[PDB]
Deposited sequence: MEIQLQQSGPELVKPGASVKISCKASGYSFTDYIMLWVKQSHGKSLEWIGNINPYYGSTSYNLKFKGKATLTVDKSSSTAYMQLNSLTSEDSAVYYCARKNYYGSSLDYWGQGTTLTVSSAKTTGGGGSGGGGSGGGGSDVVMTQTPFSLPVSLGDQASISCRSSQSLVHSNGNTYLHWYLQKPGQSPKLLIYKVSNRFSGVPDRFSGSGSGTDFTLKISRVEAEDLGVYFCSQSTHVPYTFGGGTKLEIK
């Protein structure tokens, strides 16, 4: 098959109300993978909301969202839900669900996103990921190099380093490119290569083409809460 996460449609909701966004999983065994939710404010970086293990219904939240977001599942319909309460204009954003694997601790399949608009109208410190440059204008064909530095070592107890790279093309959800520093995800071209160790990581693109354009995000999942870099927009001069 093919794996799909299908989210409910755009929501226009009044301030103070609640909203419950759905994410229907197909193509894989729903209870065998953590489902994670992400907020993306129109400004652009990704923020972890929380995880749910659908087999148990057990949850973990980013402290920022604890008290605001509630994650549930319906196993019978292979559907994950995120409810947001006491909505204000600051909740207006795009929300993604994404499947998290165990072998890579990476977000391998993403929903298409749900846009929430909140309006009255009718129609241990967290680990910081510093990405540079924030903007990389290039000529087509150029080599491109993007750096990601973490405030703490990303080496996990098991000796692996859970640093990953995602590409979000214009108007799409993020997609996994590289997991665990240097491993190319299925279908990703050899022109992408990831390197680095400890706190310093690099993504290189050997010959940029149009399908590579968008915003790149590094992410770490060695430490809780999971965190993302601020993005690097790769675009043509």
query: Which regions of the deposited sequence are unaccounted for in the modelled residues, listed N- to C-terminal?
result: 124 to 137
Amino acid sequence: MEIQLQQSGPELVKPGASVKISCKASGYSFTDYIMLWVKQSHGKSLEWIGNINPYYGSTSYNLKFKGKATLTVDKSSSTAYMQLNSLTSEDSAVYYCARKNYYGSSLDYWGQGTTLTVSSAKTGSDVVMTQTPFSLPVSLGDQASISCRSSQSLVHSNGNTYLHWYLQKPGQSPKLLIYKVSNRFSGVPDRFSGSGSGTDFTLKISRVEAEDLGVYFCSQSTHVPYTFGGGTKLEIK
From here on, numbers count along this sequence of modelled residues.
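Rigid core: the largest C-alpha set superposing within 1.5 Å between the two forms.
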- line: Per-stretch CA RMS vs shown form in 4 other deposited structures of this protein, rigid core as reference, larger of 44 to 52/208 to 216 is 44 to 52
message: Quick check: 84 to 92 versus 162 to 170, which has the larger average CA B-factor in the record?
response: 84 to 92
- prompt: Once you work out the mean C-alpha B-factor for both 112 to 120 and 148 to 156 from the entry, which is higher?
  reply: 112 to 120
query: Taking the values straight from the PDB record, which of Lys180, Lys39, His42, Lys175 has the highest C-alpha temperature factor?
result: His42
statement: Listed options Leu63, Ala210, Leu203, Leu46: highest C-alpha B factor recorded at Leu63
message: Using the temperature factors of the C-alpha atoms in this entry, rank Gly194 within its chain: lowest, middle or highest third.
response: lowest
statement: Chain thirds by Cα B factor, record data; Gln220 belongs to the lowest
- request: Would you check the entry's CA temperature factor for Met1 and let me know if it's in the chain's lowest, middle or highest third?
  value: highest
task: Just say lowest, middle or highest third for the CA B-factor of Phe30 relative to the other modelled residues in its chain.
output: middle
- prompt: With respect to C-alpha B-factor, does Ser18 fall in the lowest, middle or highest third of the chain as deposited?
  reply: highest
